[PDB]
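To begin, one chain is listed below as structure tokens, in the form solved without the ligand.
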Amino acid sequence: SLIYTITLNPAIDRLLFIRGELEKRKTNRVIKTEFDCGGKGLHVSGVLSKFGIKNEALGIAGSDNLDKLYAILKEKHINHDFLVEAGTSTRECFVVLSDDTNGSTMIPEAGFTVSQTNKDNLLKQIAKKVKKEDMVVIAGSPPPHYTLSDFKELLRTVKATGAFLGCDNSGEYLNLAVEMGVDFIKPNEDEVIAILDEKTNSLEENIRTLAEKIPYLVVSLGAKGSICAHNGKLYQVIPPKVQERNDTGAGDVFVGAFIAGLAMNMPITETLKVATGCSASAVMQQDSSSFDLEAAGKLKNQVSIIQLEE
């Protein structure tokens, strides 16, 4: 079986290293420039490849900087079968950070216009490639003019294959994934509340209710960890405390590692420890997408899981 990621709006992440804080309305000299691939689906693929789990990245990239994107992907051991949009470039996201500080400032370009030809080609690729035994992870917002109905077509095309379908999305796109019955989502608490438009039940009751439509539900609670609902059970996941450097993109690492755990047929509790361990390792790294596999192994074994009753 295989794992496919779908990155509707990939990016070349340009990391701009400066001295000290970013000062607005001032000149902030770049000490060094580094390049990474962006778009959540690509981060997920990078994580899976780090686990040695076979996967293929799908999405739509621009022809004009395609050589640059492919060289980065090769560097990150990401196998892909991207569709190419002629006469455009994959967007850049500018990531302003410092060796001297914590966190990063994200300045992303929006993305290009995907042709109906390529929208259709994506749907066809899914039909031709994806089997019932595979997993498909759609991660990241669509580019401008890739509409809600486009996204509906996409979800249903995956669903018709019988494959496991995970969605790491936000806003209206996340609302759709719930309505249409995907297998996995990773909303935060406010997203759970917004999806249900429910203001007076406990968060735990909201999660148990949302679990009636989502078989693998992980709710992020920021620093406090996660609550996962699976098979009528509810798990509180508490991460180890770590020296935090930058939590940007740690959510994508969690997704990659969680899917990895599932693909390795790990029990849900072990999968949650693996995902949380990798995510905690990522928070310790200054960049957006990376994590330390050996440190993640140790942090996995410092995660506590409590089953919540009733």
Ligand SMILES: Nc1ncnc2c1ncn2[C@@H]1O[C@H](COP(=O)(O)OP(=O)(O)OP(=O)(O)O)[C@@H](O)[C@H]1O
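From 1 onward, residues are counted along the sequence shown.
Q: Highest mean C-alpha temperature factor of the two stretches 228-236 and 151-159, which is it?
A: It is 228-236.
Q: Can you tell me which stretch has the higher mean Cα B-factor, 118-126 or 218-226?
A: The entry gives the higher C-alpha B-factor average to 218-226.
Q: Per the entry, which of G103, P142, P187, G166 tops the list for Cα B factor?
A: Highest C-alpha B-factor among the listed options: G103.
Q: Could you check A260, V44, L58, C37 and tell me which one carries the biggest Cα B-factor in the deposited entry?
A: Among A260, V44, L58, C37, the highest C-alpha B-factor in the entry belongs to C37.
Q: Lowest, middle or highest third: where is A295 by Cα B-factor in its chain?
A: Its C-alpha B-factor belongs to the highest third of this chain's values.
Q: By the record's CA B-factor, is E92 among the lowest, middle or highest third of residues in the chain?
A: Middle third.
Q: Consider only the C-alpha atoms of the modelled residues in this chain, order them by B-factor as the entry records it, and name the third containing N265: lowest, middle or highest.
A: It belongs to the highest third of the chain when residues are ordered by C-alpha B-factor.
Q: Taking the values exactly as deposited, rank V283 by C-alpha B-factor within its chain and report the matching third: lowest, middle or highest.
A: Answer is highest: the recorded C-alpha B-factor places it there.
Q: Lowest, middle or highest third of the chain for the C-alpha temperature factor of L48?
A: Ranked within chain, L48 CA B lands in the middle tercile.
Same protein, other form: the form deposited with the ligand bound, not shown, and the subject of what follows.
Q: Does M266 reach the ligand in the deposited bound form if we count a contact as any heavy atom within 4.5 Å?
A: The answer is no: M266 has no heavy atom within 4.5 Å of the ligand.
Q: Report whether the minimum heavy atom distance between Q236 and the ligand in the deposited bound form is within 4.5 Å.
A: No, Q236 stays farther than 4.5 Å from the ligand in the deposited bound form.
Q: Can you work out whether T101 and the ligand are in contact in the deposited bound form, taking contact to mean some heavy atom pair no more than 4.5 Å apart?
A: Result no; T101 lies far from the ligand in the deposited bound form.
Q: Just checking whether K119 would be counted as a contact of the ligand in the deposited bound form - the rule being heavy atoms within 4.5 angstroms.
A: Although the ligand is absent here, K119 would stay clear of it in the deposited bound form, with no heavy atoms inside 4.5 Å.
Q: Please pick, from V96, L203, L221, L196, the one residue with any non-hydrogen atom lying within 4.5 angstroms of the ligand in the deposited bound form.
A: Spelling it out, the residue with a heavy atom inside the cut-off is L221.
Q: What is the one choice in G46, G62, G249, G261 with a heavy atom within 4.5 Å of the ligand in the deposited bound form?
A: Contact with the ligand in the deposited bound form is made by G249 alone.
Q: Which of 121-129, 76-84, 144-152, 185-193 has heavy atoms within 4.5 Å of the ligand in the deposited bound form?
A: One stretch meets the cut-off, namely 185-193.
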